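Below: one structure in C-alpha cells.
Chain nomenclature is as follows: A, B, C, D, E, F, G, H and I, assigned in order of appearance, with residue numbering initiated at 1 for each chain independently.
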Amino acid sequence: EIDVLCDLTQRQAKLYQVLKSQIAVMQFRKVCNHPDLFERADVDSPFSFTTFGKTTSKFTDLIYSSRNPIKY
Amino acid sequence: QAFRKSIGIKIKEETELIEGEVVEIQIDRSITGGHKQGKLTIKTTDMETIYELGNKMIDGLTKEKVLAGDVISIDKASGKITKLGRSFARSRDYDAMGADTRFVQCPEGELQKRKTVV
Amino acid sequence: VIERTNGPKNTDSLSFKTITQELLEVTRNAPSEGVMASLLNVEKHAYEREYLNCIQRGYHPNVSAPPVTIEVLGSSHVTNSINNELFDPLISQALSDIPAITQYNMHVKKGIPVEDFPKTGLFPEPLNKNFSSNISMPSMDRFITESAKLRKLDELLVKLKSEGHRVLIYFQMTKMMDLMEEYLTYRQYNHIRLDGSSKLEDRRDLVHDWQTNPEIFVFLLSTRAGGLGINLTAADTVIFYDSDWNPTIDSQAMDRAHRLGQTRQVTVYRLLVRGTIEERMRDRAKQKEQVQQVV
Amino acid sequence: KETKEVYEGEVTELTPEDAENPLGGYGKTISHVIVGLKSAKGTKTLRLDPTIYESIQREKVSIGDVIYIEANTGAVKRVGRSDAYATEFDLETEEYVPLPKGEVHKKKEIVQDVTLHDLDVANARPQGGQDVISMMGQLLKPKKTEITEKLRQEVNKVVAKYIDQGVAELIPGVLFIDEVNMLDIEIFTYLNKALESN
Amino acid sequence: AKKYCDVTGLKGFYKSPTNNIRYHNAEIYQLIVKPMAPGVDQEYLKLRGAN
Amino acid sequence: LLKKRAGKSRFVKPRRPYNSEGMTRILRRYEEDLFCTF
Amino acid sequence: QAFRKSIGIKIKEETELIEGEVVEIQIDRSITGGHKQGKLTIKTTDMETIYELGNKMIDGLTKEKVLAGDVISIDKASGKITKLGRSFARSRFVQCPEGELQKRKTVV
Amino acid sequence: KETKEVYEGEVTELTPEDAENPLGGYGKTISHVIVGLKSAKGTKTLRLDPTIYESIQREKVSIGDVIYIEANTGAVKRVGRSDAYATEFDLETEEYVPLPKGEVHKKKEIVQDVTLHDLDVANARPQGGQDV
Amino acid sequence: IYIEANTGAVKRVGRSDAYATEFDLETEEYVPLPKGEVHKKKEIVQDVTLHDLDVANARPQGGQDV
C-alpha cells in the first residue's frame, strides 16, 4: 500500500469553507475530487456593450449587426 | 515603473530542438506574396521527416538563405533558424552567391529532442 | 498613407541622403552574420533571446464597445454617409487581404495586372497568436492544477508511462470518469472506459482487447462494474480515486487485478486528501476492517 | 448576467464568391464566403459578408482549425488545430483541440463583474467593433481624456435600464485616499461638490 | 400603377390577407373588410379586373 | 436462430489536407532550383 | 463652453413609423440568388395586412433576425428596424400595439 | 570596416531560361536567369537564382539600364538608364548615369564611421515595414 | 438629384414619388418633383477674411472632405 496524501488548493478549500459556512458527505467528497463537479469554467471574454440582432428560440446567413446602445 | 523594474519573474519553458540536413524546400506563396505556406523535408543519418511551415518560419528561411543541403538547427519555442554549415557540397553552383559556407558533418541520432529552458 | 507611391526623384535637387536612411535602406534585405546588419537588428535578437513568441497573455479588457450611433429620423442620406464613413472600402481593404484564389481569378482569368490591385496587408502583426484576440478559452492546465488530486495524479503517471507499464484506475461518479478522459486525450494516452451503463456486448471484447493488446495504457473502471470476476492480470498498479465506500467493495477491487497469472510485483496506490471528510471516511472504513477481521 | 450567441466548430470548407466588377471602386472584391462548420453531432453551413470574413482572415483561419465566432461583436477566436489529423508534423508550437460538444449555434449565460469607469472608458475610446474607427483605435497610442458629463449621464441611463429588467445589480464600494494632506485647495473644493452627487 | 382602396377609392395603404382587398385605414377594415359576406369581394375585385 | 445468436453474440491518423490553388511555387532540390510562376 | 451649454434650440419634426406584431415571414431564394422575393404579414390588435418586400428590406430583415411573434418597429425612409421585444406568447415581453399600423410621430 | 562585393554595368541581355520539365498548371517555370553585364573594359555573363526574377520585375529593369547587384543577397536596383541611350529618343527624361569604370566584379573595402547615438536612434526608430 | 454647375457638387435628394408603388415596403424615401424649372441662376456675394484663407492654406493633417 502507498497512501498518497496531499493538501487542498485554495479554490478547493474556498468552496469547502463556503459550504461549511452555509450549513451531505458527498457534497464534501465531490469538491474534494474536483471543483468542476459543481460549476464549470467558461469563456473569458469582455462584456459586450452592444445591441445586435439576436434570435429568440441549405445554409444560414450571418450578417454583422452590432450597434452601440447609446443613441444620439 | 522604477519599483516594478526591480522584480523579476523566472519562467519555465518547454522547447523542441530540431537539427538535421535539408533535403527539399517547397514554398507556396500567393501572387501579392501575402499568404505563405509550404513543406520542409529535413533528415538526419537515420530518420527523415516532412514538416509543415507557417508565415514566420518561411520568413526565417528566406533570410539566411538555405539551399537544400545546408545543415540547420531549429528551436521550436524560440523560432530561431541557425545555419551551421553545408554538408552536401553540391557541384553545380551559379554565381549569384558569394558566401564561403563551412564543411560540417551530417548529424546522427534522433532528429527531434526535448529541452527545458529558463 | 494608403496610396503613397515611391516614385523616383531627380538627383539635381536640394534633398540629401542623411546617415540615418543611409543606414536604414542597407539592412532591408541584408542577411545574418553581417556587421552592419547585426548592428541594426537589436530588437529582433532581443525578441528571440527572451522566448517572446511562446509567452501567455495576461491582460484582457473588461468592456468592448462599438462607436456611438448617430441617428436622423427619415433621411437615407445620413445612413449612406454613416455607412460610407464606418465601412470605407479603401481603408477596409488596406487593413485586410484578398484571398489567393480570388487574386488568381482577377489576374489570370481577367487580365488585370498586379500594379492596379487595391493595396492590402497593412494591418500590424501581433506579438503572438495569443495576443490576436480578447477571448480566452477554458485552459486544460488551469483545469489540472485547480484540483490537487488530479495534480498528484499527473505526476506519477509520467514515470509510470516512462517505465512502460499498465495502469488501472477506479472511480465513483459519472463526472469522475467524464472529465478524466479529457485529461487522457490531453496526454493522448491509449485508454478505454468500462462501466455497466454500457451494453453487455462491449464487456466481452473490451476485456479481450485489454488482455491481448499491450499498447493500451489506461483502463478506467467503476466500483463493481469490472472488479468482480474480470481477469485483469496484465496490470499491477491499481489506483483508487475515491474508493472509500466499504472495505468489502475494495477487497474485490484488487482481487480482479492481483490474481493468478501476474508475473511482476503489484504496487497499490490509494489516493486521499488530508484535512477533510476523507479522513472520517477512511476511519469508518478502518473500523469496519477491524470489526470484520476479528469476527 | 449577460447572454452570448456563439457559432463554433471545426472548419471544413472555405470558398469565397467573387464580385462581377472588382475594380469598380465601390464594394469589396468578394461578395460572400461559404463556411462549413462541424461540431459534435452537428454540421452547419454559413454564408458571411466580407466584414466577418475580414476578421476571420485577420485571425488567420485555415482548413482544419477550430474557431469560435461571437455574434455579439463579430469577434473571432482561433482555438487551434483539430486533433482529428496528425500531430507531430508541425513547426509552429500549436495546441491541439478536440471537437466542441453540443450544436454549432449556442446561447450561454456569463456572469460579468464590471465598474462604471470601465463602461465610460470603453465608450469614450471605442474598440471591439469591426468598423474602421474601432479598428484604428486599437493601433494608436492610448491617452487619458476629459470624459464629458453627457457620456456619464447616458451610461447611467443604460445601467438603470439594465437594472430595471432584473439583469444587473449595483454594488457600491470604498474609495481609500491615504495621505490626504498632499492634496491642495482645488481638489478639496471639487471634493465638496463630488460628495454631494447621488 | 397606383394602388387605391377598394371600398372608398382613397389611397390604399394596406391589403387584407384573406380576400386581397385593399383598404384605407382601421375602421374601414373593421366595418367592411372583416364582416363582409362571402361572394361580395369578387365584384369588388371585378372593377379593377382582379377576380 | 439459437446457433446464429450463439455465433454472433456469445490507429495511425491521416495528415492535414494541404491545398494551394492559384499560388506560385518555389521549389528547391539538391541539384536544381525551380520557380513555377504565373 | 459652459456658457453655451445652457442655451437650447427647440425643434419639432414629423416622421412616419410602422410598429406592429409580426405574423409570418415568407422568403424564397433562387439557386443563383439574382433576386429575392418575399411577403411580410404584420398586425396590430385592430388591423391586419400583408406586404410585398423589395430587395433591401429583405436584406434588412435577414440582418437583425426577426421571427414570427416579434414586435418590431420599422422606419421606411432610413431603413432602421428596431426589435421592441417579444409579444405575449409563452411558448423581453411587451404588449401588442393598438390602433393604426402607420402612424405620425411628432418628436420635439 | 567592411568588404563589399558587387556586380554592376549596362544590361546587354536578360533571358529567363525555361526548365527542361515544366509543371502542369503553371506558365513559364524558370530554372535559371541569364544576365549579361557590360561595363568599361569588361563584359561578363552571369547565371543567377530563379528567384531573382520577381526582384527584376519589381525594379522594372529593361535592356540598356545600369544595375547594381549585391553578391550574397542579389537585391538588384536600377541606378539609371545608360547615357548612350539618350540620343536615340527625343523625349526620354529618366536620369542618365555614365557607364561605370573597371570590371564588373570588384571587392571594395569600405570604412563607415558612426556614433553610438546614431545606432541608438536607428534601433529605436522601427525599421522599414508595411504596417500603417 | 442636385447638381451645381460651377462647383460640381452632386447631392441625391431621393427617389421620385412616381415610383412609389413598385413595392409595398421599401428602404428608399420618396420625394415629389420640383415645381420649379430645372435650371436656376442666382448672384451672391461672399465675405471672407484673411484669417480664413490663412487657416484654409495651413491645414496640417490635410484637406478634409465636404
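Keep this in mind: a residue touches a chain if its C-beta (ideal position, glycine included) is under 8 Å from a C-beta of that chain, and two chains touch if they have at least 3 such contacts.
Listed by label, the chains that touch chain E and also chain F number zero. Chain D has the Cα centre that lies closest to the mean of all protein Cα atoms in view.
Of all chains, the one whose Cα centroid sits at the greatest distance from that of chain B is E.
When the C-beta contacts at B-D and at A-D are tallied, the pair with the greater total is A-D.
One simple way to say how far apart two chains are is to compare their mean CA positions; for chain F and chain H this gives 43 Å.
The centroid of the Cα atoms in chain C and the matching centroid in chain E are 65 Å apart. Annotation: 58 Å between the Cα-based centres of chain C and chain I. One finds 30 Å separating the Cα centroids of chain G and chain I.
Across the assembly, chain D contributes residues 51, 60, 68, 70, 73, 75, 87, 89, 93, 112, 114, 118-119, 122-123, 126, 128-129, 139 that each touch 2 or more other chains.
In chain G, 77-79 are the positions where the chain touches two or more neighbouring chains simultaneously.
Those residues of chain E in touch with two or more other chains are numbered 15.
Put simply, chain E touches chain G in their complex at residues 13-17, 25-26, 29-30. Interface residues of chain B facing chain F in the complex, by the touch rule stated above, are 23-31, 35, 37-39, 52, 67-69, 88, 90, 92.
Contact residues on chain G toward chain A in their complex (touch as defined above): 59, 62-65, 67, 70, 83, 86.
Only residues 100-101, 103-105, 107-108, 201 of chain C touch chain F when the two sit together in their complex.
Those residues of chain G whose C-beta lies close enough to touch chain I in the complex are 40, 51-54, 56-57, 60, 74, 76-79.
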